[PDB]
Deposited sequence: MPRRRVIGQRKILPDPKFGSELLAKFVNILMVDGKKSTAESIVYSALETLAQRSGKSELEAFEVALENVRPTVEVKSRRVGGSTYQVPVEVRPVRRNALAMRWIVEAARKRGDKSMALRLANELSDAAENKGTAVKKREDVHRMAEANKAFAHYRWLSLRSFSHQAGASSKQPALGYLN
């Protein structure tokens, strides 16, 4: 013009809470949360690395710019990419995009 998020319940991260918000449509946060956690479980089991750590792996490869905006664009690009995919559910589409 001319002239803060809270942490997620299951993990305690402002990064993942922001990711949930970026995924969310129409104020349906509980729906978005269930997708993100379902996706992170898939992602953690595949590598054997933890959900929160496996999230950072995917971000660092996507991040393009001020550090806050780097995360924002990366998360926005992951979600946009995952929605464009043709896998069965968003959780799987998201896990496949993150992996």
item: Missing segments of the deposited chain sequence, listed N- to C-terminal; value: 1, 5 to 10, 72 to 90, 126 to 179
